[PDB]
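As a starting point, one isolated chain is supplied in structure tokens, in the form deposited in one PDB entry.
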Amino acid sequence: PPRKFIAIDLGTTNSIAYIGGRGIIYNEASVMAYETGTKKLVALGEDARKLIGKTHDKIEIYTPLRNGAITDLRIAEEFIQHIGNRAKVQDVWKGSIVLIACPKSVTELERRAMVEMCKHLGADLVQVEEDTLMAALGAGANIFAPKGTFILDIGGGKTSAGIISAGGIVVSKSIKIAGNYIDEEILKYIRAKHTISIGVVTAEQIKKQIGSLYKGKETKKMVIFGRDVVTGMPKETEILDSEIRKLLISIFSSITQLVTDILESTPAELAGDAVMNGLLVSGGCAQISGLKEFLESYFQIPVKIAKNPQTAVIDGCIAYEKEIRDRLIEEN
């Protein structure tokens, strides 16, 4: 009666859950909506993300993570349980082997609490791994080889960079300059340069639709809808990709600096691997147009943009199944 393997990518922006024999059962926003002042969940995932900034007084929004850190442990615990309910499997936790991948900013205290909760739910084994380690494996690097894997993971709450070798993280660092920061800067820029008020939904759509870090073959622009800063009256304006590219390049100076900082702290034998083989890039922001060109021009090493940039962590978790199963056989 093989034990069920359950894997959870717990992320600031999105979370993914996988159950062996079922595949991915959840791949949606890390957001919940409750009837205000009650325990009644009214939305989870994408339906809850849509409610952000669009609620009335009797709906409120909770997010288990903010900038890679747990906001409220009970909220995080309930979120995990609601994710598991999406499986439609009775007693899904019972006798299960659970792998949770989470940001480094989740404390050991919070990790142990998640372990104990899943154990309370029926799990026979619970292990917690750093998202950066799983991302590199899922994005295709042999993290187990004695060889330096150079990873950059640009998410919503955090950007992390590190060197991986021989099954573990050798050195790493995370910064707050990531997707959420970028979209807030676009919002601020639009107000400052176009004297128009927009929200974060529009700023993110600008970033996804016309954002770039290098001039592409295609010139793009956008019409956006907002309110005049002066009159509060309805207003629409055109945003050019060139003005957003200038902004993104300036913002990404902190991200190139992070990559340089990792290299400067890389042990010398591993640094030759990082330089010769180059950078592996994952996370949702790895999809920004021209990122590869931007990084290759600056660093003059190969840059691989993961083809699975948002499922890299869960895919690593799935690849890590034998390793987690061997930890249970051996704990006997």
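In this text, rigid core is short for the largest set of C-alphas that superpose within 1.5 Å between two forms. Each residue number is its position in the shown sequence, starting from 1.
Keep in mind the form deposited in another entry is missing from the figure; the text below concerns it.
Undergrad: Of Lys94, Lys220, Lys193, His82, which one's CA moves 2 Å or more between the shown form and the other one, core aligned?
TA: After core superposition, the single residue displaced by 2 Å or more is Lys220.
Undergrad: Given a superposition on the rigid core, I'd like a yes or no on whether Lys50 shifts its C-alpha by 2 Å or more between the shown form and the other one.
TA: Passes the 2 Å threshold, so yes.
Undergrad: Fitting the rigid core first, would the Cα of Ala33 be found 2 Å or more away between the shown form and the other one?
TA: Superposed on the core, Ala33 moves its C-alpha 2 Å or more between the shown form and the other one.
Undergrad: Hey, does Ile59 budge by 2 Å or more at the Cα between the shown form and the other one once the core is superposed?
TA: Yes, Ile59 moves 2 Å or more.
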